[PDB]
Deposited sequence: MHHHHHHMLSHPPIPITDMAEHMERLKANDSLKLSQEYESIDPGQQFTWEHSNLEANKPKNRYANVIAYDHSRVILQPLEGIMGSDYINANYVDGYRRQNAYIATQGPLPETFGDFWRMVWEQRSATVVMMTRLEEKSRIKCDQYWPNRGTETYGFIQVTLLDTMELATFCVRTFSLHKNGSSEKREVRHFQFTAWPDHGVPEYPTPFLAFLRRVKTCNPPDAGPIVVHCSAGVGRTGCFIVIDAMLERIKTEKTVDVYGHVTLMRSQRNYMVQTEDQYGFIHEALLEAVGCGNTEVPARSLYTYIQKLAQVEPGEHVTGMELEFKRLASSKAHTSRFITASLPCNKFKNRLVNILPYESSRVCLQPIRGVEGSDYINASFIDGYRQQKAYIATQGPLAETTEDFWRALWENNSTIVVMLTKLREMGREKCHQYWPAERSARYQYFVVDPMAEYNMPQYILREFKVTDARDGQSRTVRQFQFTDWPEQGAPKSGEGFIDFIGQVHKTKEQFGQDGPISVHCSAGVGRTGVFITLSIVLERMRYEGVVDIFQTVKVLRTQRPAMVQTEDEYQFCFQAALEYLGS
């Protein structure tokens, strides 16, 4: 367009900075100007038989773009569903944007999927968000359920930390045909505003796109109203497909086109900003995922210096990986480093003492696992005047497993303050720690403790694992000892009935800590999904705590452990 021309990649970051400038003013003016410049009708949405088929009276389906169901003759309005075709870039009716189905429209929705020959459904919402129903569950808990003319059979569930994948079989009334449909529910969108980092969503999108067949009907996408998160998903995807052919981006143009196909597509200014951030991150972070039996080949490639390039592929890839409530003038003793600090939206909150303002801070960040959120806590190795807060932190967060990743002293220097007793009892503020058992294993030491609350008298078992075999300088040549150590901690977690996060630290609590959480994730995804993407794994971790996996040597070791684990 004239007024809003395409944004070429490599001029994108400066475009977003110009949009962000002075309280997102240019973005605000860009977003407020969005107008397809046409008049539409919505007579079908307004038929009195169809009125109650709308979740929101104010979110309707335009006539010219509506999804038309085959009429159930004898029944007026039976051709109506609140849904519209929406274009991709160079992709006519690539998507169907629709509301979250209502109890009364379950059958209509599944009949739409059938008649439109769709194969993928994208659900951009949790069923309930902040005690408010955003969508009703339109699929069986197990086995088969009938909705109108469609039998829906749940075949499988795969439930990860940020999204859940369900597989279904569809069988229609009499019809001998059987259709398969895959259902992707992103569950990590925040209750208010948009995600702080686009990385987890972008991984959700890749998953969706690799598992959607290429000869299927339009991807069905919905949230609650099917305009807001739905719109974000559609534009992100379309623009990713755009840069694949044009190396340019036209968010402005596409949203305008979407608005001509469904009301309010991309509902808020925040969503419009989020779309840009997600696309900026995506252009500088390319494909780094590799299938299992190509990992060695891929590792063999990164281990090499390319003609005309200065350092190994492993080195460049690692180079491409680059709050205030913590940095208060009172916390200038609570941190080992003033340059390695937890983020706000992840930092572990300590229940504050009656009359000590500024003592809720502990250098610890919540970290999501592979299957569940907040599966880990990434913290620094405690200091003398930090010890008390660490034991405090463990109790309040139901963390009954500690993972230490350093020797107490390395290279003629302390790395961590011994925070646990060895030969007596030790009262740390309102807690007392009993050394119960101590096992010396080959690569690590397991220490059992009896933390008893001095206030309410309650006692908990805390098992501490300390890996003793990390070379004083560099990385292990074999991952075997680390693979097993990772194994043992998680084995110990489950069989002891420990429904709480695993606390992990090293010295600063980023370098070997990052390596531990990374491989814990990578090794389980490799077992189930059969693919490896360590780059994106470190990227996500870094969006929950900064500097995770501190060095090139740590980074390469993740690959070493992955390659060895595949061999086993």
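**Q** No C-alpha coordinates anywhere in a stretch? Then put that deposited-sequence range on the list, in order along the chain.
**A** In the chain as deposited, 1-7, 330-337 carry no coordinates.
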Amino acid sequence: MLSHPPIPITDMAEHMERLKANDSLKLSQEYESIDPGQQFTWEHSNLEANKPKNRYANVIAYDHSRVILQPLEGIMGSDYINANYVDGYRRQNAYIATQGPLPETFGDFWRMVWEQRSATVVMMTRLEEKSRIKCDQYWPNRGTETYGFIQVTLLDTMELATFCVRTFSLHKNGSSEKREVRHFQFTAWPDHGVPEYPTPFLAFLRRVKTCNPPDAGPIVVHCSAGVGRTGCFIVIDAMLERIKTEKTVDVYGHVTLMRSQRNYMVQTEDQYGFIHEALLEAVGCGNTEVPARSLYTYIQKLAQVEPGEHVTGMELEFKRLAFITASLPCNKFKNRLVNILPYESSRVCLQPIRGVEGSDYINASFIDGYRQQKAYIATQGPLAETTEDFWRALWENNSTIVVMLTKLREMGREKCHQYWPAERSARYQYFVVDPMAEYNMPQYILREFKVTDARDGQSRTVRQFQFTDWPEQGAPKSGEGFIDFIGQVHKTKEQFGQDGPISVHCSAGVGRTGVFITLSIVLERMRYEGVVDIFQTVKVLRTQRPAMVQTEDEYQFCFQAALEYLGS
From here on, numbers count along this sequence of modelled residues.
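**Q** Out of 200-208 and 173-181, which one has CA B-factors that are higher on average in the deposited record?
**A** Result of the comparison: 173-181.
**Q** So which stretch wins on mean C-alpha B-factor, 96-104 or 470-478?
**A** Higher mean C-alpha B-factor in the PDB entry: 470-478.
**Q** If you check the C-alpha B-factor for each of 425, 157, 118, 224 in the entry, which is highest?
**A** The listed residue with the largest C-alpha B-factor is 425.
**Q** Tell me which of 460, 126, 276, 259 tops the list for C-alpha B factor in the record.
**A** Result of the comparison over 460, 126, 276, 259: 460.
**Q** How does the C-alpha B factor of residue 344 compare with the rest of the chain: lowest, middle or highest third?
**A** Highest third of the chain for residue 344's C-alpha B-factor.
**Q** Grab the CA temperature factor for residue 213 from the record and place it in the lowest, middle or highest third of its chain.
**A** Middle third of the chain for residue 213's C-alpha B-factor.
**Q** So where's residue 51 on the chain's Cα temperature factor ranking, which third?
**A** Its C-alpha B-factor belongs to the lowest third of this chain's values.
**Q** Considering only modelled residues of the same chain, in which third does the CA B-factor of residue 396 rank: lowest, middle or highest?
**A** For residue 396, the deposited C-alpha B-factor lands in the highest third.
**Q** Within this chain, which third does the Cα B-factor at residue 539 fall in: lowest, middle or highest?
**A** It belongs to the middle third of the chain when residues are ordered by C-alpha B-factor.
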